[PDB]
Ligand SMILES: CCCCCCCCCCCCCCCCCCCC(=O)O[C@H](COC(=O)CCCCCCCCCCCCCC)COP(=O)(O)OCCN
Ligand SMILES: CCCCCCCCCCCCO[C@@H]1O[C@H](CO)[C@@H](O[C@H]2O[C@H](CO)[C@@H](O)[C@H](O)[C@H]2O)[C@H](O)[C@H]1O
Ligand SMILES: CCCCCCCCCCCCO[C@@H]1O[C@H](CO)[C@@H](O[C@H]2O[C@H](CO)[C@@H](O)[C@H](O)[C@H]2O)[C@H](O)[C@H]1O
Ligand SMILES: CCCCCCCCCCCCO[C@@H]1O[C@H](CO)[C@@H](O[C@H]2O[C@H](CO)[C@@H](O)[C@H](O)[C@H]2O)[C@H](O)[C@H]1O
Ligand SMILES: CCCCCCCCCCCCO[C@@H]1O[C@H](CO)[C@@H](O[C@H]2O[C@H](CO)[C@@H](O)[C@H](O)[C@H]2O)[C@H](O)[C@H]1O
Ligand SMILES: CCCCCCCCCCCCO[C@@H]1O[C@H](CO)[C@@H](O[C@H]2O[C@H](CO)[C@@H](O)[C@H](O)[C@H]2O)[C@H](O)[C@H]1O
Ligand SMILES: CCCCCCCCCCCCO[C@@H]1O[C@H](CO)[C@@H](O[C@H]2O[C@H](CO)[C@@H](O)[C@H](O)[C@H]2O)[C@H](O)[C@H]1O
Ligand SMILES: CCCCCCCCCCCCO[C@@H]1O[C@H](CO)[C@@H](O[C@H]2O[C@H](CO)[C@@H](O)[C@H](O)[C@H]2O)[C@H](O)[C@H]1O
Ligand SMILES: CCCCCCCCCCCCO[C@@H]1O[C@H](CO)[C@@H](O[C@H]2O[C@H](CO)[C@@H](O)[C@H](O)[C@H]2O)[C@H](O)[C@H]1O
Ligand SMILES: CCCCCCCCCCCCO[C@@H]1O[C@H](CO)[C@@H](O[C@H]2O[C@H](CO)[C@@H](O)[C@H](O)[C@H]2O)[C@H](O)[C@H]1O
Ligand SMILES: CCCCCCCCCCCCO[C@@H]1O[C@H](CO)[C@@H](O[C@H]2O[C@H](CO)[C@@H](O)[C@H](O)[C@H]2O)[C@H](O)[C@H]1O
Ligand SMILES: CCCCCCCCCCCCO[C@@H]1O[C@H](CO)[C@@H](O[C@H]2O[C@H](CO)[C@@H](O)[C@H](O)[C@H]2O)[C@H](O)[C@H]1O
Ligand SMILES: CCCCCCCCCCCCO[C@@H]1O[C@H](CO)[C@@H](O[C@H]2O[C@H](CO)[C@@H](O)[C@H](O)[C@H]2O)[C@H](O)[C@H]1O
Ligand SMILES: Cc1cc2nc3c(=O)[nH]c(=O)nc-3n(C[C@H](O)[C@H](O)[C@H](O)COP(=O)(O)O)c2cc1C
Ligand SMILES: Cc1cc2nc3c(=O)[nH]c(=O)nc-3n(C[C@H](O)[C@H](O)[C@H](O)CO)c2cc1C
Ligand code: SF4
Ligand code: SF4
Ligand code: FES
């Protein structure tokens, strides 16, 4: 079934806690909740579209022509291209929309997740529907983790953390403990 | 009616009302000199009209209101003005303020009062302006002029006049005795208010811990119909206007709105007695009733004190300090202030003169918040005091305003039920003061 | 400087709260220690003393006053970790768990009231992950003064050092036995007919953790805590109701595959987690709807990982996940103000 | 003055 | 070869798309 | 030109000061040898890319500045992969995906877009070398602090991964140690990185106070 | 203008593609050799050099059975005569399926068993690996004639094979895989037994 696959991608095989993908924007934007939500939505959309386009390019162009070793290049180029479009078309066609999605789009252009997930898909030989579901699951896991780490970091911003640990170090320790807490879902799906 | 209770919070502190509400209301010998601050109300400060050395009688209009929202100041006793200058104020800071000093001649001769005729004959506006020229300031703590409240109430439609007889503060029993001994006067004042504001009935409410007051009120007001006596529960934040309105009517006062919206007006029993006196006899507000209690007082009692009487004379009247008073509060322990000295006068809003010893004052050792959520379960307004304190301590007053710093009434239920002893009310007062300072600066900028 | 009011208090304190929690835990801890004997006592003493010493060192380093040691915030964590451990466990297991909790989980974040995760459960999870062999060796009940339990120095050699216990003094519990026998192509009825008795499992006559074994003394302590108004009934009621409802539905659907109800309640650290551990004030919601959501989620996760998961019990994992989820619940389910609707705009009348 | 007097933040 | 032409085609398509997008919007 | 080399090591670190390139820092760190190999591969690609971009600096139309540069980066990555899959296959199997995930390495692209476009070839090359040495130092410190806690041994299977010539780095610490399993696992990476960041803060403050 | 925006992107893609092709033509050759050598190294750990003469990964069979399905029997013929057969077995363990390799001789004696892929909890059931314990080396002289169908179980179920301290499911899976492989060899004669 697809529901089990989506839940396993979100919880059992989280792209951040056990994948180590897209950690720089996750640790740089999660200080505030609203930018975290905006980037989460934007990266979910971008990763879904990138996975779909990468699968289409791999199974319609790269494989029939016999060239596979260019795959990384092709992927990133396409994704980069697409992201740029998804950015600029949002600027003035819906100016109000360029306050929750467009502002954070520059970041996800190079994220290591929009590149990681499609290559992992390639390894498993998924079809178009499976590739799209994998991308959306990875995205909804990146979101589900950012919109949960932001709350903890905001709770800690008002805390009494020692001067030698306030800021990034306490964030890394909290992320480690959150991964140790997510470890319980291993093997469920 | 048929009180909904609810309240959604509240605490049950030790009443300690049994050691003072036994003796009748005492009397004070005339002290030599009185200090009358020119700002005993809210809003603008009255301007003096007499000069140094002038001879005044009991009831003369020493100061007059400069604007609509103010109240005049009347001479408590006949004498001679000796100073129009700086006098100590009943404030925790201890700073001085503009005020007059009156030397008591001792004759105590009344001025020619302008008595009325048939008070149930005139239009509401005449009675309202008569109350305005009486010095009524609403002796319930808010020290807000009663004339402005009545004039605003006449504009709308009032369906109920609620007399706030539920004295809830610990150690305070002034309302209890003033209702035991002046039941006819308070009923007549309620009737006069009901005539001023075109209303339906009065719902006078007392707490269940005052059986004598309830019996006296029911005995006094049973022949006139719409007058009602109600028994509210024994809860600390029960005397508040919003909580009492919710308990009696069942509605809620909208945020950023006044009590007239739900068609209910709230008046303290002392305020209604003063209004009755002013309307029936023309006597201005010169004296009130205060409660002296505490473990360091030889004889706790209730005293009818003239405005401006020094605190030291009040303490000397009730025997004296039988020990060392660790704290000298002016009002209830949950809202009182530390008196800088015993020479501070008694403003119209002064309610008590508590002398708390060591065994009555709890020890406090501050500790980090454990997020036990006991604050939320005790706040009458249903706020989150822990978040407000966290944002106030970080100087993020804007964040605290979102969590309920605007609607806070500083009732003190926060710090009463805090395991890790934290001065939450102190944080809220500091944050509100900072907001007021910023507002004042930005307003002056314009 | 001037002093601000109010000048009244209810004589409450954190010390009283923690001491009352320890007093509530005492009747189950005594039953656990007596049933397993000297090694359990040694492990409990070592864990508590290590917790206090490490808390003292951390307070000295960070500069906080030493009075913070006397509020019981560290003794309670040590007590909970000790009663959450296997009975005949080596001392270094308890010392490492105490160091990992008091330390990273609590003091590295500032102290009491600042940590976002449960310290005791964090230490339990870390111990289970790091040392799976020492945390999955359950000793059979060997009561004190029974002529079969080891003496006072043989038990010292059991707890300190590494002397192998025996051949025949270690057995399997209920949840793990059920899962193993299910993997042994046996139906879920034959396993419970000849391998589980509800009456003995409720009293506490089965192998398990130090304090988890008894599900009746823990219930009495939790009821007393609720009547003392120290904890809120919402979390325990929600957890127990969710687990029981899910278990009963699973049993009704497929009786030969799922076991539910009494078996689920009287097995594992469900009661202890629901009453004493999931009700941590620092890492629980402050509202009523928030507490109900916390309890329902805890129960659902516990049952899900118990049934279809790879662990025989996931109370610690569920508690940690809900502690992570707590801030969103706190910021999205705040109580209604006075004179305002749920959305927060002023009422109209 | 009195009108400019304000509370001090708790320690 | 048949591969480099496809790579150049996709590259020029992306370039023309980005240029037209920048011009129009 | 040597000043940039001496400054990019500690004052401006790729993963300790700029908070960049965390994925390879946290994922391939279970062994010190893996950290050293990753660090050297990243240094090689950084140097090559920076040199090429600096040489081709006078163009790169700003409106399409990103993908073009990405293209170049991608090439130097892909070739790199196809090199170490053919002559260091034993090291390539361990690193796996993260040798390919250097195109999206935030530090590489940031340094490319922030230095290469306004500086000559030699300063560019030296800057890249300094960044890569900083990265390597971080990936060796964290690698060692994790390996020691996990198994006790310092650099291990160097003769197989990095060649027999590097046998001399095989040194064992705490003999007869079963090791803590948590250090190897993902939870052991974030905690170690946070502790290293706090230690860096403390030592920087000590130096500033001594100043 | 549009000139640069497309011209430079196409030129970058074309030049980089050409360089990558020049690298591929050189590296594609040597990568297949490295992977084949890795396969031979993995295979050799269970199959001694002296037994086999031809290349085992050149005459791979594909046999359908009734239970395992499709197999990958690799023969080891010395001089036109089968001496050993190497295949793989899968069985559900605790953390997931376990893939192991068997190298059973032409007479039914096990020449060595190695576990290829497993996802068991480390420190509790990691002893199946030959680099941590010698338990996996137990199956070195056993066959289907000196061990009846009563000792091919862990000691918990009444057999002769030791079980890990605190872990029995993984040894059960490994022993079941070994027994199933031996029975599969026994069923399919001549082409697997000789
Ligand atoms: C030794 C191996 C242990 C293996 C097993 C460990 C298992 C448990 C781990 C526990 C680790 C310690 C936990 C206690 C931390 C207490 C913090 C107290 C407050 C604090 O921040 O103090 C600062 C600590 O120093 C600093 O900020 C400098 C810290 C430098 C750390 C360097 C070590 C990195 C590697 C750590 C690996 C851990 C792996 C665990 C699995 C210095 O005081 P202050 O400046 O705040 O004073 C403020 C007054 N004015
Ligand atoms: C929001 C959380 C939601 C949790 C997920 C919702 C419940 C999902 C349950 C999935 C159960 C999988 O259960 C396992 O999988 C297979 C298919 O994969 C199930 O198979 C079942 O569904 C499939 C797919 O529709 C049908 O074609 C099949 O006839 C039916 O038996 C089996 O009953 C069981 O072997
Ligand atoms: C904070 C300080 C440390 C507190 C915690 C440690 C408490 C002491 C634990 C020491 C453990 C040593 O381990 C145990 O030592 C005891 C004595 O102590 C030895 O006991 C030995 O001496 C005792 C008498 O002293 C004899 O009765 C016994 O027959 C003999 O074996 C055990 O054979 C050994 O297993
Ligand atoms: C905060 C509380 C901390 C509690 C810490 C307690 C630490 C105790 C250390 C136990 C030391 C090992 O325990 C010991 O092991 C050795 C060999 O291994 C054997 O003991 C042998 O050496 C020990 C010293 O190491 C001697 O005291 C003992 O007389 C001798 O027989 C026993 O097995 C056991 O006495
Ligand atoms: C990750 C969360 C927990 C943090 C843990 C902090 C580290 C605590 C120590 C872990 C050590 C693991 O390594 C462990 O070393 C101890 C010594 O202490 C060895 O212990 C050995 O000697 C000691 C005496 O000193 C005996 O009591 C013990 O029975 C014996 O096995 C263990 O056999 C080994 O498993
Ligand atoms: C506060 C003062 C002390 C209060 C506690 C008093 C002691 C209470 C604990 C006694 C527990 C031991 O008592 C019991 O011992 C027996 C063997 O003797 C163990 O073994 C057996 O007993 C039970 C009895 O129903 C059997 O059904 C079961 O098959 C088995 O568990 C039990 O698991 C243990 O429960
Ligand atoms: C067979 C196994 C059964 C397991 C049962 C576990 C249930 C745990 C809780 C037991 C019941 C506790 O009983 C609980 O008593 C408290 C005492 O204040 C009541 O009061 C509670 O709710 C009221 C509102 O309803 C609040 O105002 C009050 O502050 C709160 O304490 C609760 O309404 C009741 O639920
Ligand atoms: C959403 C909140 C929780 C709600 C309650 C959850 C209770 C626990 C989950 C119950 C899940 C039942 O899970 C489902 O059981 C059915 C039983 O019909 C199994 O079904 C199996 O047996 C039935 C008969 O019993 C056959 O007709 C069917 O062909 C076969 O697949 C499914 O393979 C399994 O997917
Ligand atoms: C805890 C507070 C919430 C309580 C909520 C109650 C709601 C559900 C009420 C109906 C429950 C019926 O629950 C039913 O009880 C029976 C005994 O009769 C239990 O069944 C019990 O006996 C059977 C054999 O007879 C055993 O196989 C089973 O393991 C055991 O639990 C099950 O748990 C369930 O089948
Ligand atoms: C991982 C598992 C997670 C489990 C999640 C459970 C679902 C939680 C999300 C749905 C919550 C809906 O929350 C909605 O909140 C409002 C207030 O806003 C509640 O409104 C009321 O709740 C309770 C009813 O018991 C009253 O005590 C409360 O005073 C009142 O606010 C609604 O009854 C509820 O419908
Ligand atoms: C939001 C809360 C939702 C609660 C969960 C409700 C959905 C539950 C779906 C699970 C239902 C059972 O679904 C299915 O049942 C079968 C047989 O019954 C069980 O058996 C499974 O075990 C083996 C290994 O152990 C699997 O390799 C195999 O797929 C299946 O046979 C599994 O548990 C599950 O695959
Ligand atoms: C409040 C906490 C108090 C902590 C008190 C700890 C007291 C004991 C110190 C730690 C144990 C030292 O005991 C240790 O014993 C082992 C064998 O058992 C030997 O040590 C050997 O194994 C240990 C295993 O971790 C390693 O240090 C190393 O591989 C080797 O030295 C030494 O004898 C001594 O290092
Ligand atoms: C936040 C709420 C989430 C609700 C989640 C509800 C869905 C989860 C329960 C339904 C899935 C049950 O899943 C069923 O159980 C087993 C373990 O028992 C899962 O896991 C199994 O397969 C996987 C993959 O090979 C391996 O880890 C191993 O073989 C085994 O654990 C299977 O994928 C499935 O057969
Ligand atoms: C904490 C708190 C305590 C109060 N206690 C009393 C009280 O004891 N008696 C009373 O009449 N009003 C009490 N009030 C409300 C006002 O003092 C008063 O009812 C209303 O605001 C003005 O009434 P007046 O015009 O009669 O003074 C309290 C309000 C608060 C916030
Ligand atoms: C009801 C209650 C439950 C508690 N549960 C725990 C717990 O599970 N783990 C723990 O370390 N401390 C627990 N404590 C102690 C206290 O909450 C602990 O010091 C804070 O979690 C430290 O941040 C509990 C305290 C109370 C009053
Ligand atoms: S002081 Fe303010 S926040 Fe505190 S209980 Fe009273 S109204 Fe609520
Ligand atoms: S009562 Fe005190 S300790 Fe409890 S939540 Fe409120 S501020 Fe925190
Ligand atoms: S997100 Fe920056 S290197 Fe991966």
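Tell me what chain B gives for mean residue ellipticity at 222 nm when only DSSP H runs of n ≥ 4 count, each as -39,500 (n - 2.57), the sum divided by the residue total, rounded to 500 deg cm²/dmol.
Taking each H run of at least 4 residues, the total per residue is -8000 deg cm²/dmol.
In which sequence would F:135, A:5 go, from the one with the fewest C-beta neighbours within 10 Å to the one with the most?
Listed from fewest to most nearby Cβ atoms, that is A:5, F:135.
Considering only G:175, G:16, G:104, give the residue with the highest GNM mean-square fluctuation for chain G, with springs between Cα atoms whenever their separation is below 10 Å.
Greatest mean-square fluctuation among the candidates belongs to G:16.
For a quick check: sort G:9, A:97 by the number of other beta carbons within 10 angstrom, fewest at the front.
Details: G:9 26, A:97 13.
Least crowded to most crowded, the residues run A:97, G:9.
Once you put a point 7 Å from the Cα of residue E:13 and another 7 Å from the Cα of residue A:97, both along the Cβ direction, what distance in nm separates them?
Those two pseudo-labels are separated by 2.3 nm.
Report, in whole Å, the centroid distance computed from the Cα atoms of the stretch B:350-396 and the stretch C:129-173.
50 Å
Can you tell me the orientation of helix A:168-182 relative to chain A, as the angle in degrees between its alpha-carbon axis and the longest Cα principal axis, to the nearest 10?
Long axis of A:168-182 versus the principal axis of chain A: about 70 degrees.
Determine the relative contact order of chain C: mean sequence separation of Cα pairs under 8 Å and six or more apart, normalised by residue count, in whole percent.
Averaging sequence separation for qualifying contacts and normalising by length gives 18 percent for chain C.
Can you give the translational diffusion coefficient of chain C in µm²/s, computed by Stokes-Einstein from the Kirkwood radius over Cα pairs at 37 °C and 0.692 mPa s?
Rounded, D is 152 µm²/s.
Quick one: if you stick a label point 7 Å off each Cα along the C-beta vector at residue B:442 and residue G:51, how many nm between them?
With each label point 7 Å from Cα toward Cβ, the separation is 8.6 nm.
Would you order B:252, C:256, B:343 from fewest to most other beta-carbon atoms within 10 Å of each residue's own beta-carbon?
Fewest to most other Cβ atoms nearby, the residues stand as C:256, B:343, B:252.
Please give the Cα centre distance for the stretch B:74-98 versus the stretch B:204-254, rounded to the nearest Å.
A separation of 36 Å, based on Cα centres.
For residue B:152 and residue B:402, FRET efficiency with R0 = 35 Å and r from the beta-carbon atoms, rounded to 0.05?
Details: r = 30 Å, r/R0 = 0.85.
Calculated transfer efficiency: 0.70.
Evaluate E = 1/(1 + (r/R0)^6) for residue D:5 and residue B:64, where r is the Cβ-Cβ distance and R0 equals 30 Å; express this FRET efficiency to the nearest 0.05. Show your work: numbers first, answer last.
Working: r = 27 Å, r/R0 = 0.89.
About 0.65, to the nearest 0.05.
Just from its helices, what would the mean residue ellipticity at 222 nm be for chain G, if runs of 4 or more DSSP H residues each count -39500 (n - 2.57) and the sum is divided by every residue, rounded to the nearest 500 deg cm²/dmol?
When only DSSP H runs of four or more count, the value is -11500 deg cm²/dmol.
Looking at chain B as a GNM with Cα springs under 10 Å, which of B:20, B:287, B:322 has the largest mean-square fluctuation?
Judging by the Gaussian network model, the answer is B:322.
Quick check on the stretch G:111-194: what are the equivalent-ellipsoid semi-axes from the Cα gyration tensor, as sqrt(5λ), descending, whole Å?
Calculated on Cα positions only, the semi-axes equal 24, 15, 11 Å.
Let me have the relative contact order for chain B, percent, based on Cα pairs under 8 Å that are six or more residues apart.
19 percent
Using alpha carbons only, how many degrees (0 to 90, rounded to 10) separate the axis of helix G:169-187 from the longest principal axis of chain G?
It is inclined by approximately 80 degrees.
Choose one answer from C:204, C:176, C:290: the residue with the largest mean-square fluctuation in a GNM of chain C with alpha-carbon springs under 10 Å.
Comparing C:204, C:176, C:290 in the GNM, the peak value goes to C:176.
FRET efficiency for residue E:24 and residue B:4, Cβ-Cβ distance as r, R0 = 51 Å, nearest 0.05?
E(calc), rounded to 0.05, equals 0.20.
Let me check against my output: what whole-number percent is the relative contact order of chain F, with C-alpha pairs under 8 Å and at least 6 apart?
Values: 266 pairs, mean separation 67.9, N = 211.
It rounds to 32 percent for chain F.
So, in nm, how far is label residue C:252 from label residue B:316 when the simple model puts each one 7 Å beyond its Cα toward the Cβ?
About 8.4 nm, to one decimal.
Can you give the helix-only mean residue ellipticity at 222 nm for chain A, where every DSSP H stretch with n ≥ 4 adds -39500 (n - 2.57) and the sum goes over all residues, rounded to the nearest 500 deg cm²/dmol?
Working: 8 runs with 122 residues, N = 189.
Helices in chain A give a 222 nm mean residue ellipticity of -21000 deg cm²/dmol.
Could you pull the Cα extents of the stretch G:56-187 along its three principal axes, largest to smallest, in whole Å?
47, 29, 29
Roughly speaking, what is the centre-to-centre gap between the stretch B:399-446 and the stretch F:131-185 when only Cα atoms are used, to the nearest Å?
Between the Cα centres of the stretch B:399-446 and the stretch F:131-185 lies a distance of 56 Å.
With axes computed from alpha carbons, what is the tilt in degrees of helix F:187-210 against the longest principal axis of chain F, rounded to the nearest 10 within 0 to 90?
It works out to around 70 degrees.
Throughout, read-outs are computed from the coordinates displayed, never taken from laboratory work. All Cβ positions, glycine included, derive from the backbone under ideal geometry; neighbour counts span all protein chains shown.
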